[PDB]
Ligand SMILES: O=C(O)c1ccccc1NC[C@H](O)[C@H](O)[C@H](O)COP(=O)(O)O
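Presented below, as structure tokens, is a lone chain in the form deposited without the ligand.
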């Protein structure tokens, strides 16, 4: 069965609803220019309130290493998602202290070739970018297939929503699936019926 991360959580109620509906991880965006940004202090409040067995992931975009580690210990993150153009050296330094997921933008196979240099880390494939946080009237999920067994663990991301998750999962059969705006009411606020349906469809409940 697939794991599900709900990203862009900005408030306690959305986080708790996610956990109770079956989400395995919640994500906090620590990138200042994001509309889904949450301060380490606001995030800490939420993290501390959440139950065990649910990953708290912090999203950073080209943040300097020392700051990433300080926010992680403060907010008590379980993993760091490096979503910029961080070099493997930076990734390897962070990995000495906390688990790192390297996010890579992907739109064609040259991007998948770039992704293969990071194969030592769990990879989050952020499909069809920039545009927004993801999206497409279904990205050709099959183009990722020939590279699937080259990675240890794969998290599918970008444009996933309640109507298209199952298809994406059937094709790729990833370890996890990730979503932010595909289950939003508006920027920073989740739509509960959407989170419910997304998890039900992704997991086959």
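Residue numbers count along the first chain shown, from 1.
This next part talks about the form solved in complex with the ligand, which is not shown.
- The ligand is not shown here, and in the bound PDB entry it never comes within 4.5 Å of any heavy atom of residue 106.
- Proximity of residue 124 to the ligand in the bound PDB entry falls within the 4.5 Å heavy atom cutoff.
- Taking the partner from the other structure, the ligand in the bound PDB entry has no heavy atom within 4.5 Å of any heavy atom of residue 102.
- Taking non-hydrogen atoms only, residue 159 approaches the ligand to within 4.5 angstroms in the bound PDB entry.
- Just one listed stretch, out of 175 to 183, 62 to 70, 46 to 54, 139 to 147, contacts the ligand in the bound PDB entry at the 4.5 Å heavy atom level, and that stretch is 175 to 183.
- Site residues 2, 169 and 201 are none of them in contact with the ligand in the bound PDB entry, judged by any heavy atom within 4.5 Å.
- Contacts with the ligand in the bound PDB entry, taken as any heavy atom within 4.5 Å, map within 78 to 93 to 81, 83.
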